[PDB]
Structure formats: structure tokens, C-alpha cells
RNA sequence: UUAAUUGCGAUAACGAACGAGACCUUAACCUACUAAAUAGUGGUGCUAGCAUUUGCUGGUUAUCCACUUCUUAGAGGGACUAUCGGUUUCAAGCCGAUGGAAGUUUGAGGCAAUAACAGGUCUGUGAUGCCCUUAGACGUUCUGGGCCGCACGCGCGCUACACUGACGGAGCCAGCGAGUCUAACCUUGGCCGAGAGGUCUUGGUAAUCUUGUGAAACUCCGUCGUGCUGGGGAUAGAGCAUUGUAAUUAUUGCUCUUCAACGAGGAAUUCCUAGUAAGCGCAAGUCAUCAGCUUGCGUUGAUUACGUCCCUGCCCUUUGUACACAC
């Protein structure tokens, strides 16, 4: 079980056929020039904590 | 309660860091009724101390 | 402090009234297995016997079980009243009776034949295997045959 | 004699007795409505109609 | 569903065109002032109509 | 500890909770540490609750659910199975009962390690399914901060009563061993070997 | 000081009273104590069945205290409970009137209770004294 | 004219009449001490309005509370605020302002319901279901 | 003399008017008196199926109305009850005399 | 953008009407008014207890006095989305934090546009067009059965399938509503019987009496044990009572015995965004009697969103139509 971390700044919109999956812009603290979207199964909003397993591999709109 | 297990009970119950009715049943091959008398006898006898004797679960630990 | 170590008088199996009853359990709930004795009925015979209710079936001296047999044989002369017998006010003599495992099946079968020979409504329903209580078998009670 | 709740509803159905009976009998008389007033001893019933010369 | 209807909107703009210095930026002082110059025959209705005009004094500031 | 009594009999072992080192009514509350950065500001330990029985106005709004203490939220996730819907005082008694069961095995201040028992409970990543229709193509996503506190607290109880069906052991003695299990990453709890199967599709769907 | 039955625990009150009425059994012992279901809503007799008339006598003595007038219909309504009437759901039923009447007659035999004005039963002068006195000694038992 | 104030309190349907007066500081419910509340585990919770500010200033105030209506937790919720509301009333008659504000701040900082009544109230049930939003079980074919 | 008056009705305006008239006459002279005790109104509701048939979705309704009763008691000898015999009765409200 | 042609905006709209909205009721607050032994609070007198040394617990309408805080409704006040900061021609509108009883139209109901179904109804009328019967009448009345019935398939519901349990004890809290007169209701209390139940009386046309409906689910004590067992009461047998002119295919209740399936159930399907679901009980309805049903009421009281149009449907829209009592 490796370790990596980031966090969210602001929410944009939803994805998924049923509208449950949410992708939201995130940011990782050190070396603050780091910014990619990442989908989250649950609910997010501004100033939350992102958490994951791999380092950097984003996804996009779930059809 | 038999006799050959009486010696086992007295020499082995001050070795559980947690003692309870369910714990005695699982790891001693002792029924519920025989566990109730064992825990009430031990709490009255000495050593282990009744930190919380409550309804249906006598929460209990080891005292040395 | 109430603990008694085992001495050797405990027996696994018991043999009462031509029926098989298991031990290692409470005597108040031991006689309930035989046909014709329920939970409340077993409570009264045990209470009237004064045999230290909190006792296992296995640990029992042979001084008490046969007494339970004789008290339950004719309870009415022994102060258990008329409203504790299943066959209260019997249809043959009017006296009170309490059937046992060798009697609940014979008297019920005999009562079935009593109502059978008179061709009354309940007998033919019982003969057909149908409900005689007047319930609804349109949807309930279907997996019987 | 009778509970006020039962007295009032009995008044209401009695009130409904006049409404239909005045409507059914004095329909031609231009019947409009009935105002029922209760009073100790004597009581008065007020009727509304167009051809009042005929209702008398 | 806090969006107002037409009758409150049209009535609201009727006051300020001649009642600018009376529609004070406080709701409590003008929630009953409207009744004195606008004849409203409902306690419930007179509240939101006073509320809408009070809302515009906030933005018109 | 200002030992003053009033004209009603008050046993002074009750006035020691907050006019002292303000610890939970019978357990030390100050040494409570989070072992994961994922669930900061989402477990509402600090402030304390005397009994997790605040029937407050906490669930009407979207994100005011997590502002009650995790102890309070931990109560809620236990009354279900229909038979025990509602009847929350049935739970608050047992959680107050079982919290001393951690404070003996290398005491560790149970509330300190209650949070340590959430680091591996919540799924590290679950795989939401694309619309599709068929083989159910599930592409793996990371999870929200909330769903490692909000449904992970449902993962301590999603089937935790399957070890309480027609068996001798009571409810309160179970979570004690599973508590450190989520703290050490064990191989015999529920919430931490069903985190692993919840992400058996760990690094394949990217 | 100012101790009373109101200031003693309900479980403490019965256990202390259970000892007193079992250590002294002058009052009486009915003939059918061992065959009572205590209500039609019950299913099995109490498993104690050795005393169990002192436990009931203590509770009604407590019930008589902070209440003013209690008739036979008051106890059976309170002492009743739900019964599994077949597959039909639970329903509240009254308790046994005869046992309530017999225990009430027991309280009149000793003299702690008596017939009250406007019906019901009240607290006798001597009954109130003792109920307070035994309430005083049970507090220092745990002291 | 014995120093005395009166307050009240509701949680769901309980009306806890907090009769407050002056005395040696004896606190009881229905004439019974607070060592006997009901559930044996909310006993620490009903002590909350007393301990949050301490028993130091409770030695000269005594409150009578009589409660009726709702379930056991409902009355227990009624006593805590009624004696708390009665405490504010006593601070609203005799003791200085600076002391009063600190206790009131301590009451509300921990939780808001000690001085604010719960506005939640079961609304009437509706036809077409057992409750208001619950509905009968409907079937197709 | 314990003459007591009773006022029962459904609509509220008429019973309010007569009670104010009664208390105004009571206010005249001295007539040491008690104010109008307000009995708690009981809503008389009945649940009825709207449809006369059985076909259609389940639809119930509540048919209810309110009854307000207020009683006023007078305390002095027969001097007052020779002028209060005048009936200030409106449709709806009803009056009744009760003594002792 | 809003639950909403609900609003800003537009362009040839300028304006207006119904509905929604608006209106009313219920649940929320009023220590600001009116008051109340048919609701109460405190004190003063009489009476009992504890320790008595100070106080506490109670009872008392002809023992009075002061008040409406709690319980009542009467007129009213009160939230209107108010303040700031973010989004928007910076307009409607949305979001987060700052008073509170309340910032999902405060919550929910009542009323609830035009228009259609050849939707149900002739078993609701003494209003029914038409046909039929119309005197051994299909009209009325009287006796006995039927509407309950089983080789079978489905839908509403209740017990369930053990320990967050079963059983026996103690503490053990309300609301809606109902209740007799020339008829015989709500039944308090006393006595008898284990119980159902019976007898003698009491009060009530009702905030007063039933009723503080002292209800169950709830907690503290105990017995039990992982055992189709103490779970479970389907299956019957015998006896004891009530209702009714009459109860047999037991109305129903009570006592004893007999103690089967059920072991959390495979496609699909149902209701649900807060006191909501769910659990539990109560009152009312049908009643001479009988709730496993319905309506209302109260109690305990979760998890959890704060969104979407690929399904299940609808709304506006585009376009085609040899159709216009219109697939």
C-alpha cells in the first residue's frame, strides 16, 4: 500500500451516465505547480482533502 | 463443573488480560451457566477486580 | 459461593415413562420433551416436588425422578387443581384426566373415531384431511399433499 | 339533556331539513335560502323568496 | 422557489418612483409604512410587497 | 478540582469531568491523534460529547452531517436491520460500554486510536462504472475525503453483524480486536480486508 | 435528615424491602402463590416462585406513596403487558385482579393502607412512618 | 417575598415547569434527587448544565422541575434546558452581569440546544401511506 | 345566587360580539365578576372517502368544524336578572341559564 | 434562473386575464394585553412523616390570598430570505458565514386553469330516458343454507427465522378522539373468581368522570444458551366465560396439552431526502362481538444525498402526415 497525496481547490461539474461520478480540479501541497482533474466516487466541494493510490494518472468523462 | 477442570480454571483464569462470560465460553469449552458462576465466584474471591459489572456483560480485566 | 464439583452420578441419557429424554439441561425444561407435558405443566410438578429447581437433568439422585412420576400420575388428589389437566371433564365418565405420551395419541385417535362414527361435520372434514377449525384453505395450507 | 356536540349536529341536519323541503316545495315561489335562528321558548325561521306575495 | 410574481413586481416599482426618502434601508421601519400609503387588505401579502421594495433599496444603494 | 457540593446528594466523581483536565467523562480526550491526512476536518473529535446523544438539527443541510463528533456519528451507523431502526440509546450504551476494551491492551488511549482505526477502512479507490450496458466496464477513480469517513463508518458495520448471527459472542467485544486491526493493517478484520477487495482492481483500470 | 422513599433508588428500595418482608413473614402467605401467571398477558410464571409476594407488596407500597388514590383497576392496567396472541401483533391486556386484590388485602391486614375518601386507598399514619424509616436505613446500607 | 423565578421548556411535548426559589441549593426532579434520572447513562448528560459552569455558584439556588409529556429521553431533554433556562432567569434577577455572560457563553459554546428549543415537530400523517411521506406498497400485474 | 351563562357556537365573530356586550353590561354598575373563561375548542373531524364508488385511487378527506364555548357566572341577588333578560341573540350562538 | 410563461432580458410587443401564485387551517414563539377551582403555580391556615438543629416530601375547596410562567384560545406582533463576501448585462437568480421558533414556497394540507377518457357508478337516492316483471310478480315478508368453500397462481398485511436475543421482575412517559334520557354509553370504586368474566354501587351531556387513558417498544436486576433449542405459534383436542332470538363449518376471550414449516429466502419490484424511513403502541371507523384492514395520534428514532436524463413518464420544442365523430 504505497502513499501519495493531493487536495482540491474548486468544483466544476459532474460526470457519469447516472450523474453520480464527480470530477473536480485538485492540487498537491509541495511544489504548488501541480494541477490536474481527478474523478471521485463520492461528494466533494471547495477546500476538501484528496486521497488516492497511484501518483499521477488522470481520467475523464465517464460515458 | 467437574473436578479435573477445577484445577485448570484456578491456574489459568489469572492469565487473561480480558475476562468475560463470552471469552470463557469460547476458549475453555464451558457453557453459559457454568461461565456465570465462574465469573461471579472469581469476582467475589479476590485478585481480579470488578471494574464494571453491568447488564448482560460483566466488563472485566486482569488485576495483579 | 454455589459450585459443586462432579462426582460421577451424572448420566447422559434418561429413561422416563417409555419416552427418551436428554440430560445435561435444566430439569424444569427436561420433562417438557415428553408428550403431554408443557412448559407451565413442567413448572408446577417441579415446584410442588421441591427438588432445587436450579439443577441439571444429569445431576439428579434417584430419589426424585420417580416421585415426579407418581405426583404427575394422579395430580388432582395431590392439590394440582382440575384446570391443569388437558382432558378435563372427559366425555366417557365426566371425571378429570391427564393423558401421557402413551395416552395423548390413543385418546385423540379414539376421539377421532368417536366423531368419525357419528358422521358429524367435523369428522368428515378430519377424514378428508381438511381443516375443521373453519379457516380458509383457498390460499393458505396448500403444500400438504 | 343532550350533549352540545350532539345538539349542534342535530341542529345542522335539522337545518338541512328546511333547505331541501323549502327548495322542493316553494321552488316556483323563487326560494333562495333559509336563516334559522334559535331562541328560548319561541323561535323564528327566516325564509328568502322572490314571489313573497305567494309564499304568504 | 423564492421568485416573486407579477403583481408584487409591478406594485413594488410603484412606490419608489415617488417614495425614495421614505423607503428606509431597514425592513422593520417600512414593513408597515407601505400599509399607510398602499391599501393592502391582507397581512400576509403586505409583507412580501414591502420585502421586494426593501430588496431593491439594497441593490440601488 | 473545586470539590464543592450542593444540598442534593451529588457524588463528587461526577464533577471531575470538565473542571479538571477536560477529558471524556471517563477517558482521556486530549491525546487524540489522526493517523491519516485524508480525514482531517471530517472526523469531528474535539469538541467532546458527554454522551453521544445530541438529537440536534444536524442533518437538514448538505455538509453539516460531519460537524457532529465521530463518536456521535459512530453511534448512528449501528442501529439498523429493521428490528433496531431507531432505538439509539441501545447503541450509546454499548459504545460507552466497549470503549474501555481498548484501554487495557497496550492502553494507547482508545479515542486516540479510534481515528487510527480509519486509515485503512475507507476504500483507497473504488471503481465507478461507465454507462455502457453489458460487461459493466468499471474504470477506477480515487475517492472523496468524505467517503473514507462517511461510508467507511458504514464499512465497520456493513456486515459486522454477520459475526453476531447465532453465535455466543456479544456485539461490544468485537470492535476491540478489529480496532487495532485497522490500525496495524491486519489480515482478519472486516473493514480492512474488504478495503483490499474493494480495490482488488487497484492499478489495472487506469 | 430529610431522607424519604423519593430519595432512594427504586431497585434499592425493593431489594431492601425484599429482605425485610422475607426476613419477617408475619403478614401472610396465600395458597396459590406458586400457580399465578401475574397476568393474562404473561406466558410463564416467575422463576423465583419462592417469595415473590413480598416483591409485589413492596412495589404497591411504593406506588401508594407518591400517588393519592389507587383502585384495583389502576394496578392491573399498569402491571399488564403485551402478549404474543398468536401470529397477531402485540396488545396490552390487564393483569390479574385477584392477586392485586389479595396483596391489597395484605396491606390492610398489617395496617399500612386503608380505605380513602372518594374511593381508592390512601396511606395510613403508621404506614407512612415505617415506609420512611426503612427508606432511611437502606441509604446507609450503601454508605 | 422569597426570591423566586419561573421558567419552562419543551423538547417534543414535555412541559418542564422549572420552579426556582432561594435556599441551601437542593436540586430535584419530581421530588427526587438527580442520582435517579431514568436511563442510567444519560445521568452524566443531565448533569451537563450544572457542571459546564461548575457547582461553585449552585450553592444558593434551588430549582423545582415537574415534567410531563413525551418519551423518557424527551423529559430528560426537558429538565436540562428548564433548569438552564431557570438559571438564566436567576441571573436575570439577582447576580451581576459579568458572571451571567460567561456562563451563558459556556452554555452555548458547547451546544446550542440548552437555550434554544428544538423546532422539529412530527407533522400530521397522510392518507395513502402509514406516515407522511411513506406510501402503501403498489404492484404492477 | 350562582347564575351562570353559557355560550356555544361554531363561528367566532358572533360569540365574540355578544361576550363583549355581556362584559360591557357587566362592567356597568359594579358587579364584581370573573372574566370569560375560554374552554378549549374541540375540532369535530370525520374521515370520508371522496369517491362514492370503489374504482379509482385511494383519496380521503377530512370534514371538520370548530365549536367554541365560553361560560360567564354572575354573583348577586335577583336585582340584575330583571334587565339582562333582554336577548342579544344572533344567528348561530345560543344562550342558556344555569344557577347553582 | 426558479418546484412553476416564476422572474430579468428580447424582438414590432403594449398590455392584460384564469391557474400557479395569492387565501385559509394545523404544528412552531410570545415571561408584551384579556382572563380561568370545569387547567393550574406559589404562599398563608389544618393535618402526617424523616432526622429534628435549619429543611424536605405529601394531602386538604368553602381554609383563603397574588399570578398566567407552564394548559388553554381571542385580538395581535413576528421571517421579509435581513448583513457581508463570492456568481451574473455585475439583472432576475444561486452559494457560505455572521439573529433565531423557523433561510428545502417555515413545514404540510384545503382550494386547486381550459380540455379529454365514449375511465367507475342504473347495487346511492323517492331524479334518472328506454325495455322488462307487475299478484303461484323479478315487489315485500318468514325458515334454512351461500357469500368462508380446494388440484392450483398471484396482491395488499401480521408473526417470525435468536444474543442489538427469549423469558420473569422493578423504574416506566403522552397525544388525537369517544362516551346514556326516555335510552340504557363511557365505566371509576368495593367484593368474588388464576383468567376470561360476574355482583353491588359511584361519577359524567363531559377541560371537571372514564383518563395522568401510568400503553408497548424503552433502561437496571436475574434464568438461558448457539442447541429447528427456552426462538416460532401454524396444527389440532378438552374445559371455563362473554356477545347475540339463535352461534355447529370452534364469533370472540381465558386455562392446559399437542409444538409443523421457517434456518434472513433466485429473477424483478415497491416507498423514502428529515423527525423523514423504520420499530412500537394508542384513539376513532365498521360493532351486539370480533382487527392481522383504513384514518388519525403519540413514542423511540438510522445510514445518507443536496444531483442526472441512458431507462420509467411528463412538460416546451422541431418536423412529417392521402387523418379531422381525429391510429
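Quick note: the coordinates plus some simple rules give every number you see, no bench work behind them. Every residue, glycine among them, receives a Cβ derived from its backbone with ideal geometry; neighbour counts consider all protein chains shown.
Worth pointing out:
- For chain H, the longest principal axis of the Cα atoms and the long axis of helix H:72-91 meet at an angle of about 30 degrees.
- Taking the longest Cα principal axis of chain D as reference, the axis of helix D:4-25 is set at about 10 degrees.
- Compared with the dominant Cα axis of chain H, that is its longest principal axis, helix H:97-110 is turned about 30°.
- Taking the inverse of the mean reciprocal distance over all distinct Cα pairs, the Kirkwood hydrodynamic radius of chain G comes to 16.3 Å.
- Figure legend: label point modelled 7 angstrom from the Cα of residue I:60 along Cα→Cβ; residues of segment H:117-137 with amide N under 19 Å from it are H:122-137.
- GNM flexibility winner over chain F from F:25, F:109, F:84 (Cα, springs under 10 Å): F:84
- Take the Cβ atoms of residue E:41 and residue G:32, set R0 to 60 Å, and the FRET efficiency comes out at 0.20.
- The separation of segment E:7-38 from segment A:5-32, counted between C-alpha centres, amounts to 46 Å.
- Note on chain I: Rg/Rh from C-alpha atoms, Kirkwood Rh, equals 1.21.
- The calculated FRET efficiency for residue E:19 paired with residue I:27, based on their beta-carbon distance and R0 = 35 Å, is about 0.20.
- Residue of B:40, B:17, B:27 that the Gaussian network model of chain B assigns the largest fluctuation, springs spanning Cα pairs under 10 Å: B:27
- Within a Gaussian network of chain H (alpha carbon springs, distance under 10 Å), most fluctuating of H:93, H:57, H:125: H:125
- Number of partner chain Cβ atoms within 10 Å, mean per residue of F:115-128: 3
- Volume in Å³ per residue [convex hull over Cα atoms, computed for the protein assembly as shown]: 379
- Helix-only CD estimate at 222 nm, as mean residue ellipticity for the protein assembly as shown, using -39500 (n - 2.57) per DSSP H run (n ≥ 4): -9000 deg cm²/dmol
- Between residue D:25 and residue F:64, the simple label model (points 7 Å from Cα in the Cβ direction) yields a spacing of 6.6 nm.
- When you count the other C-beta atoms within 10 angstrom of each residue and take the mean per peptide, E:21-33, I:31-43, C:98-110 line up highest first as C:98-110, E:21-33, I:31-43.
- Averaged over the residues of peptide E:25-34, the number of Cβ atoms from other protein chains lying within 10 Å of each residue's Cβ is 0.
- Per-bin percent of Cα-Cα distances, segment C:35-145 [5 Å]: 2, 9, 15, 16, 14, 13, 10, 9, 7, 4, 1
- The simple spin-label model puts a point 7 Å past each Cα toward its Cβ; for residue C:93 and residue D:45 those points are separated by 7.9 nm.
- Using alpha carbons only, the radius of gyration of chain A set against its Kirkwood radius gives Rg/Rh = 0.96.
- Both the radius of gyration and Dmax for segment D:4-56 are 12.6, 39 Å, in that order, over alpha-carbon atoms.
- Histogram of C-alpha separations across segment G:1-42, 10 Å bin width, %: 21, 33, 35, 10, 2
- Average beta-carbon neighbours from other chains, 10 Å sphere, peptide F:3-13: 6
- Spin-label model, residue A:18/residue G:63: points 7 Å from Cα along the beta carbon direction are separated by 5.5 nm.
- If you take the Cα centroid of segment F:74-90 and the Cα centroid of segment C:94-143, the two points sit 47 Å apart.
- Size descriptors for chain E (Cα atoms only): Rg and Dmax, in that order, 10.7, 31 Å.
- Compactness of chain F - radius of gyration and Dmax, Cα, Å: 19.4, 75
- Derived from the Cα gyration tensor, the three semi-axes of the equivalent ellipsoid of chain H are 37, 16, 14 Å, largest first.
- The ratio of the alpha-carbon radius of gyration of chain B to the globular-protein estimate 2.2 N^0.38 Å is 1.02.
- Convex hull projection area averaged over all views, segment F:31-77, Cα basis, nm²: 3.9
- Cβ-derived FRET efficiency at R0 35 Å, residue F:163 paired with residue B:64, nearest 0.05: 0.65
- 19 Å tail of the calculated P(r), segment F:127-206, as % of Cα pairs: 49
- The spacing between segment C:4-79 and segment H:48-76, judged by their C-alpha centroids, is 55 Å.
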